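In the structure tokens that follow, a single protein chain appears in two forms: structure 1, then structure 2.
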Structure 1
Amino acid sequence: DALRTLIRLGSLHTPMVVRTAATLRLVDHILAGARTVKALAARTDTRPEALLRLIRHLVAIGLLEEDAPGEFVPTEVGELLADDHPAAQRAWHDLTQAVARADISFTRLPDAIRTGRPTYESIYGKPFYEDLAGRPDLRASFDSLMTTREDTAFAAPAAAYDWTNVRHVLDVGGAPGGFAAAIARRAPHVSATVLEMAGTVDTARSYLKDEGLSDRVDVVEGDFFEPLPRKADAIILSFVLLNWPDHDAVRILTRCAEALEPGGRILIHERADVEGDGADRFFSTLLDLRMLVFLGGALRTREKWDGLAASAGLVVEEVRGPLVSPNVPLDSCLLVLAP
């Protein structure tokens, strides 16, 4: 009972079985004809006796079901492992792609709790970003995973802010540019600038080009720690401050405050857990612990945000309620920061 619950919680074979099914494109090969284990083994280049033992666990956890003897089809949850599903969960669990490869850092979590520093380098030889720049195949798969989420996740944050009295918007860490794209559709009178670093600056140009927004959202390069090149009535920090330590985040916040036009606002799009609420913490701590072992960053509660804001001459005006997006598991918040 309690012995069963503890063993299930500390089991490594179940999450590795799921990641193996995704890496082998198992669900894809089933939908495309391969019904028997003999055909599934041939298409995945695996030994049939071993694949059946993996399927046996996949059946026991509800990702596959036996429909007629020997024929295995995916369940409704197992259908998410199809490569063309909108949630892209197969790519997120592919051990050859960036995120699931990086999740191996969790096998050294005791070191991360001892030091507070990431363990990615201790497994792959280089830190997270240096390894991406040296493996273009991995940098591409990471850029892809970010773009699949950015194409839909910003309609709700865009709707949670009034843009009538806004002239220009600067998105620091503009990423692919999905947020700036969502602001353009919501408020066509606003001009947007995506400010990115030397690396991601060109993944933003190509994304807004393919959206038909090249003439509507400018993309400039820059460094977040130097003075900002332009002023804006609204500066956006969407999932950027969680990558930097505390002493570097107040600098980015200070530069934003400095470049903030009169009456403007700084918008922080991230999590802001409150100790009292009964909100789901599963996805939040997943992201938080990922930040620890990947880069050393961290999430921040609403109380810590007040400390960061006050240190940048800013004040947290208001946290706009839970932002829900169709295929985005983690609900987010919008923080409004005034001087």
Structure 2
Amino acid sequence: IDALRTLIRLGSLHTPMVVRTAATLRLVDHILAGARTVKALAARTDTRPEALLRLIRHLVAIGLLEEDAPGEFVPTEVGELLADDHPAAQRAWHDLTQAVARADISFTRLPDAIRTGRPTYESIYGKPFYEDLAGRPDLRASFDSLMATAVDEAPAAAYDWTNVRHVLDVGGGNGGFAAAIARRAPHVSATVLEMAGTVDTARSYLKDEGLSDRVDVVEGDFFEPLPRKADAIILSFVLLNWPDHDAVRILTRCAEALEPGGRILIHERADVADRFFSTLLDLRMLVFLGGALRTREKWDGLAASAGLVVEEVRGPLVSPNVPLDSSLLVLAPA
């Protein structure tokens, strides 16, 4: 009977949907904003009081809410992470109208991705992942914000920027990694290569950090010739989005733009308790994009195809509000 309870709990689809539904309704923020009754809570969220209580009941049973006084539910320690100002952003990561939780519906067709090795995102939303964001500015922004989370300081501190002149952050996102280098290395100029939409939140984030004279942004496709050369080329959580043959192409473009003596830095999670979140990231890449997490041995193959060699891998990098450690692989020409 212990085994039965364990399997039912593990296989249950209603619990993560309860968490996600609570996040989308901003339930915890409404509690913290003074909604002390279910009546108040249903009004602020425009839901049915009878139905909202049945959701609160599961939220209590899984330890996200507690009933303090009768009919008064407040967040627990774990439940407070759904507050919108919490620096782990777990509410937005669970908001069904934001990009990742909406992407997560691709897991409902996991059998197909396991049969074919292809992502299931397109069969649900009409377009592959990044094409879908390209037509949905709310999701583009939303995804950009999730990706962005001060938090990339560990990778930057794991590399000596003494002899680095120009840094190119390929698929750099909102430019936080580039910013973390500029703060660390006062002599480097940096450039972010990013897609439409993103380049403007990158430009605004870089401006508001006071660094728009240290880091420019260029709109482009990193499968095409890169806009310029550099001594350090940054691929922070990019290649895991791509099958082997597309990652080779990206790496090849980086190699063609690498200055003499330069290095390509890959900031990712090497495939090896932590296994729970490793496999969650890895299967996400399967069903969203057709990508994957890769072992060190697999990394040697990809670099070899690109005419590169894995020079070194700098050990586990810990970050705030992040349950998975990171690595920095340094690549050189073959």
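One-based numbering along structure 1's sequence throughout. Take the two forms, superpose them, and find the largest set of C-alpha atoms that agree within 1.5 Å; that set is the rigid core.
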Considering only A184, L81, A102, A204, single out the residue whose C-alpha is displaced by at least 2 Å between the two structures after superposing the rigid core.
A204
Superposed on the rigid core, does the Cα of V220 end up 2 angstroms or more away between the two structures?
yes
Quick check: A259 between the two structures - does its CA shift reach 2 Å or more after fitting the rigid core?
yes
Core superposed first, then measure: what is the displacement of the CA of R135 between the two structures, in Å?
2.1
Give the rigid core superposed Cα shift of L54 between the two structures, in Å, rounded to one decimal.
0.5
Rigid-core-superposed Cα shift at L242 between the two structures, Å
1.2
